[PDB]
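In: Compute the structure for the input listed below.
(chains A and B)
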Amino acid sequence: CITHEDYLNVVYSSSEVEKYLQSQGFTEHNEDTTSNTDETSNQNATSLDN
Amino acid sequence: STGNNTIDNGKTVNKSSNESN
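Out: Residues are numbered from 1 along each chain as shown, chains lettered A, B, ... in the order given. What follows is the structure:
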């Protein structure tokens, strides 16, 4: 009654086992408001002398 | 010019201001 039960499958040719679990959560939000204002004017001084 | 020989001359002046913001 001791736990030195290494009578089968002695793998100590080092055998480094890894694990790498990885989760990720991500939300996002935007609010993009523009507002234009624009006005024009001109003048059209024309002439013709037939 | 025909074969009287009408002649014309024209001028236009066109400013156009603008702005936007």
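
In: contacts, neighbours, all on C-alpha from now
Out: Fine.

In: Could you check how many residues crowd around residue B:18?
Out: A total of 9 residues lie near residue B:18 under the criterion other C-alpha atoms under 10 Å in any protein chain shown.

In: List the beta-bridge partners for it.
Out: Using DSSP bridges, the bridge partners assigned to residue B:18 are residue A:40.

In: Would you mind measuring from it to residue A:3?
Out: Residue B:18 sits 91 Å away from residue A:3, going by C-alpha to C-alpha, to the nearest Å.

In: Buried residues in stretch A:10-25, which are they?
Out: By neighbour count with 16 or more other C-alpha atoms under 10 Å in any protein chain shown, stretch A:10-25 contains no buried residues.

In: Run through who's touching it.
Out: Defining contact as C-alpha atoms under 8 Å, 6 or more residues apart in numbering or on different chains, one finds that nothing outside stretch A:10-25 touches it.

In: ok now it, how far from the chain's centre?
Out: In terms of C-alpha atoms, centre = their mean, to the nearest Å, the centre of stretch A:10-25 is set 28 Å apart from its chain centre.

In: With stretch A:22-37 instead?
Out: Chain-centre distance of stretch A:22-37: 12 Å, with C-alpha atoms, centre = their mean.

In: and that stretch, how far apart are its ends?
Out: Stretch A:22-37 has an end-to-end distance of 50 Å (C-alpha to C-alpha).

In: now the strands for chain A?
Out: Along chain A, counting by DSSP state E, strands occupy A:38-40, A:45-48.

In: What of chain B?
Out: B:10-13, B:18-20.

In: from these, which stretch is densest packed?
Out: Ranked by mean neighbour count, these are led by strand B:10-13 with a mean of 10 (mean count of other C-alpha atoms under 10 Å in any protein chain shown).
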